[PDB]
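One chain is shown next in structure tokens, namely the form deposited in one PDB entry.
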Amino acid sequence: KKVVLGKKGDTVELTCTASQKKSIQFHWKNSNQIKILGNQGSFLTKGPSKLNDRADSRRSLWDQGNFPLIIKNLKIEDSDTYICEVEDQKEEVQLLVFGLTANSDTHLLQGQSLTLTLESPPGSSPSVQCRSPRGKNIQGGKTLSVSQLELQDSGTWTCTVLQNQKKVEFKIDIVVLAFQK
């Protein structure tokens, strides 16, 4: 039961491989059995899914028995368990769409605390861990924060969202100001 993670506003590609290398019948659906998009041999068919305008596969890979399900401009709500009915096989793949967004402007004073808010889908409990330009490995479950924003933290923070053997980066820019000291 594969699992993929994506960032809000990104393009994820839920794979789906077939036994042999032959462009065969396949169809992408979500938990609610709603058709996302399949193929009509050599043609692509898109179903009633709300992901229509943002769903799409890779014709070129079909011949290599590969029938992905690329989702663009990923939304937290796009998070779900998309099955892939192919040759009597149901490759139910999971998809989590997280969204890390800081509160106060990227420009923050010195000493004040910096708060991070991770938007996550229902029934999801990811473990975040940003890394300051110096080394602050501060940890935050769903909502992180930097007790005291030291002047040596003003820079690019390398976050991470652990969720089922997986994780997704979330680089954030931070700037600690002051009046020459």
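Heads up, when I say rigid core I mean the largest set of C-alphas that superpose within 1.5 Å between the two forms. Residue positions are given as counts along the sequence shown, with the first one as 1.
One more form of this protein should be noted, the form deposited in another entry, which is absent from this view; the next part is about it.
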Practice problem: With the two forms aligned on their rigid core, point out which item of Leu61, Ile70, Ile34, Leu44 shifts its C-alpha by 2 Å or more between this form and the one not shown. | Solution: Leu44
Quiz item: By 3 Å or more, the Cα spacing of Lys46 and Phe98 differs in the other form; is it closer or farther than in this view?
Solution: farther
Self-check item: Cα-Cα trend for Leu37 and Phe43, given that in the other form the distance shifts by 3 Å or more
Solution: closer
